[PDB]
Amino acid sequence: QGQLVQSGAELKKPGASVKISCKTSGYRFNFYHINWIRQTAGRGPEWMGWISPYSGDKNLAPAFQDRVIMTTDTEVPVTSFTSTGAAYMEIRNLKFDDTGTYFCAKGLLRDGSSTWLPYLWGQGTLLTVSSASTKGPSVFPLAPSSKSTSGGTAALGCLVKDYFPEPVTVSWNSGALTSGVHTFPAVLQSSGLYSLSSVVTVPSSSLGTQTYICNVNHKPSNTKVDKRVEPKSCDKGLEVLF
Amino acid sequence: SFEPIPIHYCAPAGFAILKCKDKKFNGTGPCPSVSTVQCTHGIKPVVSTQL
Amino acid sequence: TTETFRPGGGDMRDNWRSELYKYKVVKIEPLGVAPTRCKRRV
Amino acid sequence: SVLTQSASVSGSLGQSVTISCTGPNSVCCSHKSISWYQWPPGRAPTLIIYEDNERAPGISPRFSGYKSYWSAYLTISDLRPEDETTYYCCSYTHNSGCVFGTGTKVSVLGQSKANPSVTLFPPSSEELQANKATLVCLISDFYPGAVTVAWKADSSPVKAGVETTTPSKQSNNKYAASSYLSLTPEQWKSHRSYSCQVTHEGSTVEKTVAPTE
Amino acid sequence: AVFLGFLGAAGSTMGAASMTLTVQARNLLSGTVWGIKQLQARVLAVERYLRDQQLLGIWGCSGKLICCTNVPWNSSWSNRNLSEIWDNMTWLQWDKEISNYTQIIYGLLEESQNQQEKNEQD
Amino acid sequence: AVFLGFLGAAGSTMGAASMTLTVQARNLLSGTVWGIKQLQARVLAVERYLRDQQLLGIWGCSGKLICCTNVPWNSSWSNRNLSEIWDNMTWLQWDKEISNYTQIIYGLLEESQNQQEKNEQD
Amino acid sequence: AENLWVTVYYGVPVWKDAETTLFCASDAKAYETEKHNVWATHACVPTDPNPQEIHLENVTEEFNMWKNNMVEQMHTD
Ligand SMILES: *[C@@H]1O[C@H](CO)[C@@H](O[C@@H]2O[C@H](CO)[C@@H](O[C@@H]3O[C@H](CO[C@H]4O[C@H](CO)[C@@H](O)[C@H](O[C@H]5O[C@H](CO)[C@@H](O)[C@H](O)[C@@H]5O)[C@@H]4O)[C@@H](O)[C@H](O[C@H]4O[C@H](CO)[C@@H](O)[C@H](O)[C@@H]4O)[C@@H]3O)[C@H](O)[C@H]2NC(C)=O)[C@H](O)[C@H]1NC(C)=O
Ligand SMILES: *[C@@H]1O[C@H](CO)[C@@H](O[C@@H]2O[C@H](CO)[C@@H](O)[C@H](O)[C@H]2NC(C)=O)[C@H](O)[C@H]1NC(C)=O
Ligand SMILES: *[C@@H]1O[C@H](CO)[C@@H](O)[C@H](O)[C@H]1NC(C)=O
Ligand SMILES: *[C@@H]1O[C@H](CO)[C@@H](O)[C@H](O)[C@H]1NC(C)=O
Ligand SMILES: *[C@@H]1O[C@H](CO)[C@@H](O)[C@H](O)[C@H]1NC(C)=O
Ligand SMILES: *[C@@H]1O[C@H](CO)[C@@H](O)[C@H](O)[C@H]1NC(C)=O
Ligand SMILES: *[C@@H]1O[C@H](CO)[C@@H](O)[C@H](O)[C@H]1NC(C)=O
């Protein structure tokens with residue numbers, strides 16, 4: 001009933017420091033196993049290995065038999081049942097076919113013939129195996145538009161243009177406006193740089209009652225842009241409502 | 001303090017105390033309607049003479 | 001700004017709490033009811 | 001991979017649908033177990049069926065499965081709209097590791113469409129003082145998820161600098177995409193109005209900016 | 001033979017803790033300022049023992065350890081699957097979750113026995 | 001469900017008082033001037049309980065509530081018909097009339113069990 | 001299909017937090033320091049020649065040394 005934390009990862013060249021961590025909450029950390037799995041666009045979902053925090057038994061796939069190392073940490077209790085631990089993984093021999101998001105997921109229950117089958121999953125840490133250099137996000141503000149004149153609904157957001165690598169995070173008001181948000185995928189241009197867009201839907205009657213601050217955070221470049229989106233629109237089908 | 005507090009007399013396990021719920025009861029003989037209770041109602045040790 | 005320490009020992013219960021910190025007392029209640037796919041014999 | 005599902009399968013609303021999960025004797029199904037996951041692409045999955053038929057905690061009794069000696073099958077009764085996604089089986093045992101299948105995309109038939117809500121954006125004033133020009137053509141709220149974006153430079157098809165995302169499923173069970181045009185400000189300058197074409201199931205929707213105004 | 005010890009299976013899975021049930025029952029009984037202390041404790045021992053034994057008697061069981069009955073599992077008593085319990089949970093966890101509805105079940109398991117006996121004989 | 005209460009069927013017909021037999025057994029155990037009083041009572045509780053339980057054990061029954069045996073009803077023990085007893089009398093009435101010959105029956109119900117066990121095994 | 005049925009279990013490893021009336025234990029050598037009752041023991045039960053401890057594997061419990069009872073108990077004793 002607790003959620004597992006997964007650690008976001010740097011774009012990396014065919015040689016560089018490689019590790020990804022994973023945190024826990026709300027469960028007994030030493031009962032359930034720990035399974036690792038990685039989904040690339042070329043070979044599909046592939047299981048890598050698993051390890052138990054109580055015993056320490058890792059069984060890996062032969063495809064990672066000599067280049068990936070898994071690690072678990074010590075449990076820090078909270079109550080008589082719940083606890084809080086962590087576990088890392090270091091995948092060496094960074095090939096380009098490793099590009100793509102990957103995950104942590106713990107076992108289902110403590111005993112049986114299905115002890116370790118991954119029941120509880122994580123958030124998702126994304127790789128980009130690339131020699132290409134890091135690039136920061138160009139955060140432009142997107143103008144609101146009319147979604148329904150009779151219903152009085154509009155839309156406004158931010159546009160994250162020309163960043164490498166994946167991903168770029170986009171929040172609102174430091175986390176206040178989450179209702180109606182719709183973020184679109186980034187396309188890779190013919191150069192090596194991505195571009196995505198993002199739009200939250202909010203009513204047209206809110207002008208001076210709510211502040212809209214899109215917080216685009218890009219970690220591989222260490223940049224946090226706090227754009228203020230204007231609630232005044234330029235559509236001729238929404239101007240009928242103001 | 002000497003205050004007479006309501007004390008109840010309860011029976012051990014495997015024992016019973018019989019309460020005669022009879023209005024016009026003169027204390028002795030067959031009480032028609034009887035109930036059973038573990039503890040007595042609060043009886044305080046008010047000690048006095050003639051009253 | 002800074003703080004100073006002074007010997008106390010005002011009450012005698014703490015002396016026992018010094019070495020009695022490792023121990024706690026518990027009732028044993030061995031009446032565990034559970035579900036299983038079983039019916040009592042006819 | 002070594003475990004083979006079906007290519008895809010369809011099923012109407014208020015009806016059932018089956019998915020096969022078959023392979024060679026080294027993976028299925030003598031002395032092996034089968035599990036089933038509802039895995040929306042880009043989202044975290046949800047365990048559906050473990051130990052070949054036992055529903056995971058919190059999994060509605062609508063779902064069921066069964067394993068033969070050569071293939072297993074998943075069945076989703078009273079088909080729901082959000083069920084339209086990818087589903088993965090895996091063959092595991094107590095000792096060895098688990099191997100996923102190939103992937104089945106569930107095509108729930110009998111679902112009302114929605115017209116695409118397109119919006120095109122011209123280069124900003126800070127991008128024209130950069131100086132760059134990028135036409136941002138966003139698509140959203142269409143079903144099913146397949147659209148083709150074609151650009152035209154003053155009513156002449158351009159074949160330089162076309163950006164197109166793949167259509168993705170939103171949180172409201174629709175689809176959406178995002179195209180762009182990365183041409184010089186002077187490539188449009190000679191062309192007094194630029195458009196964005198979005199073909200969807202024959203019905204094509206297009207939006208034009210007149211950068212003279 | 002597997003002998004983890006008295007209470008040794010209190011943190012193991014409930015299925016695994018079913019394996020050690022004779023050890024806990026064995027040590028439950030373990031058959032002047034200090035005198036009143038010791039004696040008082042020694043009486044509360046046999047009382048705590050004979051209460052649970054009395055219950056295990058008037059539920060018709062009478063027979064030590066696992067005992068079945070024909071009471072239906074009202075699913076609202078923490079509905080989980082069987083594999084969801086006997087491969088996962090531990091007895092402290094379990095009795096905690098079931099603690100709320102425990103007393104009701106003790107009451108039901110009373111009355112059903114009696115009728116069984118009665119008409120069983122006759 | 002019918003729950004008149006502890007001893008509630010002491011004045012009802014013996015057949016009707018057979019219906020409530022688990023309630024009386026339940027509350028039988030009910031698991032410094034005041035201290036000696038309370039403690040003494042609390043010991044006599046378990047003693048009065050274990051005497052009757054001992055008897056119910058060495059008559060082979062061991063099983064709570066109604067228990068049959070192969071002892072013949074010597075009619076001189078207040079000869080009445082069955083319908084003359086289990087539709088009419090109450091348990092106080094009954095045990096009063098049978099009180100005279102009770103001890104003899106307790107003695108007989110002893111010895112017959114043992115032989116049964118012995119040759120039953122062997 | 002199957003419907004679950006309650007089953008009764010005796011000797012389940014389940015406890016609850018409580019307090020009670022504890023009692024002493026003295027080393028077998030200590031009852032030979034006789035000195036006409038050196039203060040406590042004269043009447044105390046010997047300590048086991050073979051004491052045991054059972055490591056409760058996988059078990060976690062929340063102590064509270066300040067909210068103990070054997071301290072109040074020992075102090076009054
Ligand atoms: C404390 O809590 C922890 C966690 O809750 C308990 O540890 C778990 O115990 C259960 C058993 O109750 C384990 O389930 C079993 O798992 C084994 C292990 O899988 C095999 O494969 C591994 C990788 O291939 C391998 O490394 C393992 O090696 C171990 O086993 C032997 C010694 O036993 C030896 O090789 C090593 O020293 C390792 O110790 C192992 O070979 C699996 O074999 C079991 O499957 C069989 O049994 C089940 C019934 O239990 C049956 O249904 C199956 O069909 C099959 O026959 C079983 O799945 C679990 O792996 C442990 N770890 C977890 C959950 O993380 C611990 O026991 C608790 N302590 C106490 C005292 O109870
Ligand atoms: C004893 O130590 C533990 C940890 O070593 C303390 O528990 C933590 O206390 C800090 C603040 O002191 C909190 O922020 C943590 O959340 C606590 N952790 C847990 C799991 O509760 C505890 O307070 C200490 N107590 C004493 C009396 O020293
Ligand atoms: C639980 O396990 C049983 C095993 O027979 C299975 O039939 C059932 O589908 C599983 N799920 C639920 C919710 O009961
Ligand atoms: C069975 O569970 C339901 C769940 O709400 C509860 O309302 C009901 O009272 C339970 N049965 C009995 C006899 O109490
Ligand atoms: C038990 O009951 C209490 C309230 O009486 C409630 O707060 C608690 O959640 C219940 N236990 C469970 C497991 O739901
Ligand atoms: C049976 O009853 C008769 C009636 O008079 C009595 O004399 C006899 O002693 C009884 N049987 C035994 C074994 O006592
Ligand atoms: C029981 O015995 C006494 C004498 O011992 C006798 O007076 C009485 O009548 C007997 N009871 C009955 C019911 O006959």
# chains A, B, ... in the order shown; residues from 1 in each chain; ligands from 1
call {"tool": "closest_atom_pairs", "arguments": {"of": "chain E", "to": "chain F", "cutoff": "8 Å", "atoms": "only C-alpha atoms", "output": "Markdown table"}}
result
| residue | atom | partner | partner_atom | distance |
| --- | --- | --- | --- | --- |
| E:43 | CA | F:43 | CA | 7.7 |
| E:47 | CA | F:31 | CA | 6.6 |
| E:48 | CA | F:31 | CA | 7.2 |
| E:50 | CA | F:31 | CA | 7.6 |
| E:51 | CA | F:31 | CA | 5.1 |
| E:54 | CA | F:29 | CA | 7.7 |
| E:55 | CA | F:26 | CA | 7.9 |
| E:57 | CA | F:64 | CA | 6.6 |
| E:58 | CA | F:64 | CA | 6.3 |
| E:60 | CA | F:64 | CA | 6.9 |
| E:62 | CA | F:63 | CA | 7.1 |
| E:110 | CA | F:22 | CA | 7.2 |
| E:111 | CA | F:22 | CA | 7.1 |
| E:114 | CA | F:22 | CA | 6.4 |
| E:115 | CA | F:19 | CA | 7.6 |
| E:117 | CA | F:66 | CA | 7.2 |
| E:118 | CA | F:66 | CA | 7.2 |
| E:121 | CA | F:66 | CA | 8.0 |
call {"tool": "write_last_selection", "arguments": {"atoms": "N, CA and C atoms", "output": "short mmCIF file (atom, residue, chain, number, x, y, z; two decimals), in the first residue's frame"}}
result
data_model
loop_
_atom_site.label_atom_id
_atom_site.label_comp_id
_atom_site.auth_asym_id
_atom_site.auth_seq_id
_atom_site.Cartn_x
_atom_site.Cartn_y
_atom_site.Cartn_z
N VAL E 43 -0.87 -18.25 40.32
CA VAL E 43 -2.31 -18.46 40.15
C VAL E 43 -2.77 -17.88 38.82
N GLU E 47 -4.98 -19.51 35.63
CA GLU E 47 -6.24 -18.88 35.23
C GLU E 47 -6.21 -18.50 33.75
N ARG E 48 -5.14 -17.83 33.32
CA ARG E 48 -4.98 -17.52 31.90
C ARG E 48 -4.96 -18.79 31.05
N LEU E 50 -6.59 -21.75 31.86
CA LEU E 50 -7.89 -22.40 31.87
C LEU E 50 -8.99 -21.58 31.22
N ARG E 51 -8.80 -20.27 31.04
CA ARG E 51 -9.76 -19.52 30.25
C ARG E 51 -9.71 -19.95 28.79
N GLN E 54 -10.90 -23.40 28.44
CA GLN E 54 -12.35 -23.43 28.54
C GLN E 54 -13.00 -23.09 27.20
N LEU E 55 -12.52 -22.01 26.56
CA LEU E 55 -13.03 -21.66 25.24
C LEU E 55 -12.81 -22.80 24.25
N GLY E 57 -12.70 -25.71 24.78
CA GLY E 57 -13.58 -26.79 25.13
C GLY E 57 -15.01 -26.57 24.68
N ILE E 58 -15.57 -25.38 24.93
CA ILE E 58 -16.97 -25.12 24.62
C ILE E 58 -17.19 -24.73 23.16
N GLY E 60 -16.49 -27.11 21.13
CA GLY E 60 -16.48 -28.49 20.70
C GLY E 60 -15.13 -29.04 20.33
N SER E 62 -11.68 -29.07 21.77
CA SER E 62 -11.19 -29.83 22.90
C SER E 62 -9.88 -30.47 22.58
N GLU E 110 -19.43 -20.02 19.72
CA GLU E 110 -20.21 -20.66 20.84
C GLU E 110 -21.48 -21.52 20.45
N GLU E 111 -22.49 -20.78 20.01
CA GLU E 111 -23.87 -21.25 19.86
C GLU E 111 -24.04 -22.39 18.86
N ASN E 114 -23.48 -25.94 20.22
CA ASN E 114 -24.42 -26.60 21.09
C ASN E 114 -25.51 -27.31 20.35
N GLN E 115 -26.02 -26.66 19.32
CA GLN E 115 -27.12 -27.24 18.61
C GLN E 115 -26.59 -28.49 17.98
N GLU E 117 -24.44 -30.54 19.03
CA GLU E 117 -24.36 -31.64 19.97
C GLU E 117 -25.76 -32.16 20.18
N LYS E 118 -26.67 -31.23 20.36
CA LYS E 118 -27.97 -31.62 20.84
C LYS E 118 -28.57 -32.53 19.86
N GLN E 121 -26.99 -36.02 19.01
CA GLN E 121 -27.17 -37.19 19.86
C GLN E 121 -28.41 -37.89 19.42
#
call {"tool": "residues_around", "arguments": {"residues": "region 52-62 of chain D", "least_positions_apart": "2", "cutoff": "8 Å", "atoms": "only C-alpha atoms", "output": "list in words"}}
result
residues 33, 34, 35, 47, 48, 49, 50, 64, 65, 66, 67, 72, 76, 77 and 78 of chain D; 80, 81 and 84 of chain E
call {"tool": "residues_near_ligand", "arguments": {"ligand": "ligand 6", "cutoff": "8 Å", "atoms": "only C-alpha atoms and all ligand atoms", "output": "ChimeraX atom specification"}}
result
/F:74-77,104
call {"tool": "write_last_selection", "arguments": {"atoms": "C-alpha atoms", "output": "mmCIF file, in the first residue's frame"}}
result
data_model
loop_
_atom_site.group_PDB
_atom_site.id
_atom_site.type_symbol
_atom_site.label_atom_id
_atom_site.label_comp_id
_atom_site.auth_asym_id
_atom_site.auth_seq_id
_atom_site.Cartn_x
_atom_site.Cartn_y
_atom_site.Cartn_z
ATOM 1 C CA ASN F 74 -32.389 -48.779 37.271
ATOM 2 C CA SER F 75 -36.072 -47.890 37.283
ATOM 3 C CA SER F 76 -36.117 -47.454 41.061
ATOM 4 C CA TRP F 77 -34.368 -44.106 40.447
ATOM 5 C CA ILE F 104 -24.199 -44.598 43.393
#
call {"tool": "select_by_dssp", "arguments": {"residues": "region 44-192 of chain D", "states": "helix (DSSP H, G or I)", "output": "number ranges by chain"}}
result
D: 185-189
call {"tool": "residues_near_ligand", "arguments": {"ligand": "ligand 2", "cutoff": "8 Å", "atoms": "only C-alpha atoms and all ligand atoms", "output": "PyMOL selection string"}}
result
chain A and resi 76-79
call {"tool": "residues_near_ligand", "arguments": {"ligand": "ligand 7", "cutoff": "7 Å", "atoms": "only C-alpha atoms and all ligand atoms", "output": "ChimeraX atom specification"}}
result
/F:78,97-98,100
